[PDB]
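Coordinates from upload30.cif are shown below (mmCIF, C-alpha atoms).
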data_work
#
loop_
_atom_site.group_PDB
_atom_site.id
_atom_site.type_symbol
_atom_site.label_atom_id
_atom_site.label_comp_id
_atom_site.auth_asym_id
_atom_site.auth_seq_id
_atom_site.Cartn_x
_atom_site.Cartn_y
_atom_site.Cartn_z
ATOM 1 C CA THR A 427 14.546 8.439 6.016
ATOM 2 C CA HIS A 428 12.156 7.286 8.602
ATOM 3 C CA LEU A 429 11.673 5.155 11.640
ATOM 4 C CA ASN A 430 9.880 1.837 11.453
ATOM 5 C CA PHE A 431 6.722 2.301 13.465
ATOM 6 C CA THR A 432 3.907 -0.160 14.071
ATOM 7 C CA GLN A 433 0.538 1.569 13.957
ATOM 8 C CA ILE A 434 -1.998 1.174 16.706
ATOM 9 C CA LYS A 435 -5.513 2.640 16.741
ATOM 10 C CA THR A 436 -7.228 1.778 19.974
ATOM 11 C CA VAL A 437 -6.624 1.372 23.640
ATOM 12 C CA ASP A 438 -7.031 -2.413 23.275
ATOM 13 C CA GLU A 439 -4.494 -2.486 20.463
ATOM 14 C CA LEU A 440 -1.964 -0.507 22.491
ATOM 15 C CA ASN A 441 -2.343 -2.909 25.395
ATOM 16 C CA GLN A 442 -1.760 -5.950 23.223
ATOM 17 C CA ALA A 443 1.277 -4.298 21.608
ATOM 18 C CA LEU A 444 2.666 -3.698 25.080
ATOM 19 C CA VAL A 445 2.013 -7.366 26.005
ATOM 20 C CA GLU A 446 3.914 -8.478 22.937
ATOM 21 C CA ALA A 447 6.747 -6.034 23.513
ATOM 22 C CA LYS A 448 7.150 -7.130 27.145
ATOM 23 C CA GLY A 449 10.900 -7.379 27.751
ATOM 24 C CA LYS A 450 11.872 -4.536 25.402
ATOM 25 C CA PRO A 451 11.278 -0.768 25.921
ATOM 26 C CA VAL A 452 8.583 0.928 23.906
ATOM 27 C CA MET A 453 8.165 4.410 22.435
ATOM 28 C CA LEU A 454 4.641 5.532 21.454
ATOM 29 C CA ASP A 455 4.483 8.481 19.098
ATOM 30 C CA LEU A 456 1.185 10.365 18.824
ATOM 31 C CA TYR A 457 0.977 11.868 15.358
ATOM 32 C CA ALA A 458 -1.359 13.899 13.185
ATOM 33 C CA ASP A 459 -1.042 15.202 9.610
ATOM 34 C CA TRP A 460 -1.971 18.696 10.820
ATOM 35 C CA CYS A 461 0.515 18.751 13.669
ATOM 36 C CA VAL A 462 3.430 20.905 12.571
ATOM 37 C CA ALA A 463 5.804 19.794 15.379
ATOM 38 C CA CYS A 464 5.013 16.184 14.473
ATOM 39 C CA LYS A 465 6.168 16.835 10.899
ATOM 40 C CA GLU A 466 9.207 18.627 12.312
ATOM 41 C CA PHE A 467 10.095 15.524 14.348
ATOM 42 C CA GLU A 468 10.019 13.585 11.079
ATOM 43 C CA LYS A 469 12.097 16.165 9.227
ATOM 44 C CA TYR A 470 14.785 16.975 11.744
ATOM 45 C CA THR A 471 14.848 14.350 14.466
ATOM 46 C CA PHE A 472 13.553 10.893 13.430
ATOM 47 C CA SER A 473 15.563 11.386 10.211
ATOM 48 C CA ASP A 474 18.829 11.730 12.126
ATOM 49 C CA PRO A 475 21.007 8.590 12.254
ATOM 50 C CA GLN A 476 21.901 9.283 15.873
ATOM 51 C CA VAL A 477 18.249 8.984 16.825
ATOM 52 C CA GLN A 478 17.583 6.038 14.560
ATOM 53 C CA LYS A 479 20.451 4.085 16.014
ATOM 54 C CA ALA A 480 19.536 5.060 19.597
ATOM 55 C CA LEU A 481 16.052 3.647 18.983
ATOM 56 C CA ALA A 482 17.175 0.454 17.256
ATOM 57 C CA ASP A 483 16.443 -1.712 20.320
ATOM 58 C CA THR A 484 13.132 0.010 21.151
ATOM 59 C CA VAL A 485 9.704 -1.126 19.929
ATOM 60 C CA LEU A 486 8.285 1.858 18.074
ATOM 61 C CA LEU A 487 4.529 2.379 18.071
ATOM 62 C CA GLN A 488 2.531 5.221 16.471
ATOM 63 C CA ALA A 489 -1.028 6.356 16.828
ATOM 64 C CA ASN A 490 -2.280 8.565 14.005
ATOM 65 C CA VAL A 491 -5.006 10.744 15.534
ATOM 66 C CA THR A 492 -5.441 12.978 12.439
ATOM 67 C CA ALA A 493 -9.185 12.299 12.241
ATOM 68 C CA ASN A 494 -9.855 12.818 15.941
ATOM 69 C CA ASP A 495 -12.420 10.086 15.702
ATOM 70 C CA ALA A 496 -14.049 8.239 18.585
ATOM 71 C CA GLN A 497 -11.263 5.705 18.912
ATOM 72 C CA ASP A 498 -8.600 8.414 18.731
ATOM 73 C CA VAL A 499 -10.339 10.449 21.411
ATOM 74 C CA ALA A 500 -10.744 7.443 23.672
ATOM 75 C CA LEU A 501 -7.045 6.648 23.306
ATOM 76 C CA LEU A 502 -5.956 10.220 24.046
ATOM 77 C CA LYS A 503 -8.218 10.345 27.116
ATOM 78 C CA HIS A 504 -6.974 6.951 28.369
ATOM 79 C CA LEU A 505 -3.376 8.145 28.083
ATOM 80 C CA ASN A 506 -4.245 11.610 29.559
ATOM 81 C CA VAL A 507 -2.712 13.279 26.535
ATOM 82 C CA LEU A 508 -3.372 17.030 26.450
ATOM 83 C CA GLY A 509 -2.246 17.829 22.867
ATOM 84 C CA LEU A 510 0.224 16.990 20.138
ATOM 85 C CA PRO A 511 3.009 16.285 19.769
ATOM 86 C CA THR A 512 3.228 13.754 22.595
ATOM 87 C CA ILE A 513 5.692 10.883 22.806
ATOM 88 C CA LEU A 514 5.341 8.330 25.606
ATOM 89 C CA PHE A 515 7.940 5.871 26.826
ATOM 90 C CA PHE A 516 7.345 2.515 28.466
ATOM 91 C CA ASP A 517 10.072 0.393 30.044
ATOM 92 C CA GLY A 518 10.614 -3.274 29.321
ATOM 93 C CA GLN A 519 8.015 -4.172 31.941
ATOM 94 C CA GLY A 520 5.388 -2.112 30.196
ATOM 95 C CA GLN A 521 5.326 0.696 32.768
ATOM 96 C CA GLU A 522 4.974 4.237 31.460
ATOM 97 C CA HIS A 523 7.239 6.800 33.021
ATOM 98 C CA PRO A 524 5.503 10.176 32.744
ATOM 99 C CA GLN A 525 8.620 12.256 33.290
ATOM 100 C CA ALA A 526 9.860 10.858 29.994
ATOM 101 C CA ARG A 527 6.947 12.260 28.038
ATOM 102 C CA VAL A 528 7.954 14.577 25.222
ATOM 103 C CA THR A 529 5.324 17.236 24.539
ATOM 104 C CA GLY A 530 7.071 19.680 22.197
ATOM 105 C CA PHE A 531 9.581 19.598 19.382
ATOM 106 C CA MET A 532 13.085 18.406 20.191
ATOM 107 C CA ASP A 533 15.978 18.428 17.730
ATOM 108 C CA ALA A 534 18.169 15.359 17.302
ATOM 109 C CA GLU A 535 20.730 16.275 19.998
ATOM 110 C CA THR A 536 18.040 17.184 22.523
ATOM 111 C CA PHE A 537 15.923 14.105 21.780
ATOM 112 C CA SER A 538 18.936 11.793 21.997
ATOM 113 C CA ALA A 539 19.882 13.271 25.335
ATOM 114 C CA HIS A 540 16.284 12.748 26.459
ATOM 115 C CA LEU A 541 16.414 9.086 25.457
ATOM 116 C CA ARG A 542 19.632 8.610 27.327
ATOM 117 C CA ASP A 543 18.469 10.468 30.439
ATOM 118 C CA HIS A 547 18.208 -2.129 30.534
ATOM 119 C CA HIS A 548 20.568 -3.669 28.047
ATOM 120 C CA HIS A 549 21.431 -7.414 27.997
ATOM 121 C CA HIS A 550 20.338 -7.903 31.577
ATOM 122 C CA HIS A 551 22.410 -4.968 32.892
#

Please express what this file holds, its structure, as structure tokens.
Amino acid sequence: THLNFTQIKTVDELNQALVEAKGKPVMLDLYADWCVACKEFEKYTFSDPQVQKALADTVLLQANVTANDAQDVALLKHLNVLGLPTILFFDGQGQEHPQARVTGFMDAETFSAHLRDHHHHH
């Protein structure tokens, strides 16, 4: 099984997705078909009900940079991404918190702990 991502391609598209998500946290997954740890996230981590349920109230975005085309490269540069896998997290105000970035494989337990570490105005 698999998470329900919304694809974005460009910097502009990311920004409008963040505008529409405003009020809910966001996770942006940076993916490529050739990225082994990205496939491992799908196999071991995003497939785990604990992770799925933990992410149920998060807007999930994905950028597929497989081609490394001009738009992909501009997005990666804009986000100061150094390589894959990278997962970024934005709060409900749209602010990215760099300490939350995930830049290597994490199993379900580790990823869930990362996610843990604003609900109904609390």

(request) Run the PyMOL selection byres ((chain A and resi 502-511) around 12) on the file and write out the hits as a count of residues only. (result) 47

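Distance annotation: of A:534, A:480, A:493, A:487, the residue with the minimal separation from residue A:433 is A:487; atom set is all atoms listed in the file.
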
(request) Give the answer as one residue: which of A:439, A:474, A:446, A:517 has the shortest atom-to-atom distance to residue A:547, using all atoms listed in the file? (result) A:517

(request) Give me, please, the distance in Å between atom CA of residue A:518 and atom CA of residue A:443, quoted to one decimal. (result)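 These two atoms are separated by 12.2 Å.
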
(message) As an exercise, work out the distance from atom CA of residue A:543 to atom CA of residue A:453 in Å and give it to one decimal place.
(response) 14.4 Å

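When atom CA of residue A:520 is paired with atom CA of residue A:450, their separation reads 8.4 Å.
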
(message) I want to know what sits within 8 Å of stretch 429-431 of chain A, based on all atoms listed in the file, with residues of the same chain fewer than 4 positions away left out; could you give that as number ranges by chain?
(response) A: 472-473, 478, 485-488

(request) Can you work out which one of A:442, A:432, A:476, A:427 has the shortest atom-to-atom distance to residue A:539, counting only C-alpha atoms? (result) A:476

(request) Decode the PyMOL selection byres ((chain A and resi 484) around 6) for the given file into explicit residues and return them as a PyMOL selection string. (result) chain A and resi 451-452+481-483+485

Missing atoms of stretch 478-490 of chain A rebuilt to N, CA, C and O atoms, written as a PDB file, in the frame of the given file:
ATOM      1  N   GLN A 478      17.937   7.333  15.075  1.00  0.00           N
ATOM      2  CA  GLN A 478      17.583   6.038  14.560  1.00  0.00           C
ATOM      3  C   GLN A 478      18.338   4.931  15.257  1.00  0.00           C
ATOM      4  O   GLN A 478      17.764   3.913  15.632  1.00  0.00           O
ATOM      5  N   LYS A 479      19.635   5.117  15.397  1.00  0.00           N
ATOM      6  CA  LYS A 479      20.451   4.085  16.014  1.00  0.00           C
ATOM      7  C   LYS A 479      20.134   3.982  17.500  1.00  0.00           C
ATOM      8  O   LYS A 479      20.117   2.858  18.059  1.00  0.00           O
ATOM      9  N   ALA A 480      19.879   5.095  18.169  1.00  0.00           N
ATOM     10  CA  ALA A 480      19.536   5.060  19.597  1.00  0.00           C
ATOM     11  C   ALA A 480      18.250   4.307  19.857  1.00  0.00           C
ATOM     12  O   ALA A 480      18.068   3.737  20.939  1.00  0.00           O
ATOM     13  N   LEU A 481      17.341   4.282  18.895  1.00  0.00           N
ATOM     14  CA  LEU A 481      16.052   3.647  18.983  1.00  0.00           C
ATOM     15  C   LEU A 481      16.034   2.241  18.397  1.00  0.00           C
ATOM     16  O   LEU A 481      14.977   1.576  18.393  1.00  0.00           O
ATOM     17  N   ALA A 482      17.145   1.742  17.920  1.00  0.00           N
ATOM     18  CA  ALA A 482      17.175   0.454  17.256  1.00  0.00           C
ATOM     19  C   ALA A 482      16.712  -0.725  18.103  1.00  0.00           C
ATOM     20  O   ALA A 482      16.234  -1.690  17.484  1.00  0.00           O
ATOM     21  N   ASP A 483      16.837  -0.656  19.407  1.00  0.00           N
ATOM     22  CA  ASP A 483      16.443  -1.712  20.320  1.00  0.00           C
ATOM     23  C   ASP A 483      15.166  -1.388  21.082  1.00  0.00           C
ATOM     24  O   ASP A 483      14.895  -2.032  22.084  1.00  0.00           O
ATOM     25  N   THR A 484      14.410  -0.424  20.585  1.00  0.00           N
ATOM     26  CA  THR A 484      13.132   0.010  21.151  1.00  0.00           C
ATOM     27  C   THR A 484      11.999  -0.393  20.210  1.00  0.00           C
ATOM     28  O   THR A 484      12.185  -0.251  18.987  1.00  0.00           O
ATOM     29  N   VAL A 485      10.898  -0.887  20.749  1.00  0.00           N
ATOM     30  CA  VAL A 485       9.704  -1.126  19.929  1.00  0.00           C
ATOM     31  C   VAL A 485       9.030   0.217  19.682  1.00  0.00           C
ATOM     32  O   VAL A 485       8.697   0.917  20.643  1.00  0.00           O
ATOM     33  N   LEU A 486       8.829   0.572  18.426  1.00  0.00           N
ATOM     34  CA  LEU A 486       8.285   1.858  18.074  1.00  0.00           C
ATOM     35  C   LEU A 486       6.836   1.709  17.609  1.00  0.00           C
ATOM     36  O   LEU A 486       6.556   1.004  16.654  1.00  0.00           O
ATOM     37  N   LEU A 487       5.942   2.354  18.326  1.00  0.00           N
ATOM     38  CA  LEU A 487       4.529   2.379  18.071  1.00  0.00           C
ATOM     39  C   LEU A 487       4.090   3.783  17.701  1.00  0.00           C
ATOM     40  O   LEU A 487       4.649   4.745  18.200  1.00  0.00           O
ATOM     41  N   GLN A 488       3.064   3.917  16.842  1.00  0.00           N
ATOM     42  CA  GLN A 488       2.531   5.221  16.471  1.00  0.00           C
ATOM     43  C   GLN A 488       1.038   5.125  16.431  1.00  0.00           C
ATOM     44  O   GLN A 488       0.483   4.167  15.892  1.00  0.00           O
ATOM     45  N   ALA A 489       0.399   6.155  16.959  1.00  0.00           N
ATOM     46  CA  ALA A 489      -1.028   6.356  16.828  1.00  0.00           C
ATOM     47  C   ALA A 489      -1.213   7.623  16.002  1.00  0.00           C
ATOM     48  O   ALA A 489      -0.700   8.670  16.324  1.00  0.00           O
ATOM     49  N   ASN A 490      -1.973   7.473  14.922  1.00  0.00           N
ATOM     50  CA  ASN A 490      -2.280   8.565  14.005  1.00  0.00           C
ATOM     51  C   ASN A 490      -3.684   9.054  14.335  1.00  0.00           C
ATOM     52  O   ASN A 490      -4.672   8.411  13.996  1.00  0.00           O
TER      53      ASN A 490
END
